[PDB]
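Asks: Experimental structure below, sequence on top.
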Amino acid sequence: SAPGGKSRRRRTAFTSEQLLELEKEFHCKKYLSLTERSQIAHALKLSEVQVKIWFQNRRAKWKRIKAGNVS
DNA sequence: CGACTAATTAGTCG
DNA sequence: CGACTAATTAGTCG
């Protein structure tokens, strides 16, 4: 077991096992509390940071619309 | 002290 | 060469 590739793949690497519980909340609520976000990533082999980008990228698109305009 | 948000950044796609 | 998406990352409240 040794590393090979080292690049920031812009597309969260999700797996079927992970998607099973990940999609669960997506079909439940679009807002996760402290005792929610920090729990899903603790239930299995995950990290709170990874579960954050998932939501960030979704809101990032909204920040491009809900802002100030010019001219 | 850590998570959450959001901006910076990085990199492949167009 | 541009653009957009996303990990990176730091600030601030919990």
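Replies: Okay, I see it. Numbering: from 1, shown residues only, chains lettered A, B, ... in the order given.
Asks: Quick check: buried residues in the lengthiest helix in chain A?
Replies: The helix that spans the most residues within chain A, counting by DSSP state H, is helix A:48-62. Residues of helix A:48-62 classed as buried: residue A:51 (neighbour count, 16 or more other C-beta atoms under 10 Å). Where you see a C-beta, it was placed from the backbone N, CA and C, and this is true even at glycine.
Asks: try stretch A:13-30
Replies: Of the residues in stretch A:13-30, A:18, A:22, A:25 count as buried by neighbour count, 16+ other C-beta under 10 Å.
Asks: Report the distance from it to the chain centre.
Replies: 10 Å (C-alpha atoms, centre = their mean, to the nearest Å).
Asks: helix or strand for the closest residue to DNA strand B within chain A, which one?
Replies: Residue nearest to DNA strand B within chain A (C-beta to the nearest atom of the strand): residue A:37, separated by 3.1 Å. With elements taken from DSSP states H and E, the one containing residue A:37 is helix A:34-43.
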